[PDB]
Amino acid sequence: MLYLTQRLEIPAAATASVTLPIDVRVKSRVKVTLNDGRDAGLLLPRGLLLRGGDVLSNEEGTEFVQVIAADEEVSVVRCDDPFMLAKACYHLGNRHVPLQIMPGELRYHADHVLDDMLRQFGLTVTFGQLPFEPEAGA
């Protein structure tokens, strides 16, 4: 039974693979079927951030699996007006809502109350099944 351990920075062979949510990419240690086929456990230190593209490796180095942010039910906000988005970011952080931030776009786990709070800013909120990479801050 192969078990993942250390996390390298160097993006080696993408021959192996695994796809997990944000929920599990902060467990440091767990197990479920993978993408390369070969099931495997986990051995990562405390308080680690696993990002889409972040390669992993074992003690032997024979394998270099890759972590992939699985699609997750999220609310997506797209606007080309930084101000309207800035305001939003403020109020979401004020409720400690894990949020993904990119130019012209925001992502947070689907929640209608939040969608209505954002629509109250004249923002368009649409549902999506996409990878969720919220801001570093657990």
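The first residue of the sequence shown is number 1, and the count goes up from there.
If you average the Cα B factors in the entry, which is higher, 75 to 83 or 60 to 68?
Mean B over CA atoms: larger for 60 to 68.
Mean C-alpha B-factor higher for 95 to 103, or for 51 to 59?
-> On average, C-alpha B-factors are higher across 51 to 59.
Inset, instruction - Compare the CA B factors listed in the entry for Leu130, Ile10, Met117, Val125 and report the winner. - result: Each of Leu130, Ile10, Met117, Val125 was compared by C-alpha B-factor; the highest is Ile10.
Can you pull the Cα B-factors for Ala110, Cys89, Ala40, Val113 from the entry and say which is highest?
-> So the option with the highest C-alpha B-factor is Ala40.
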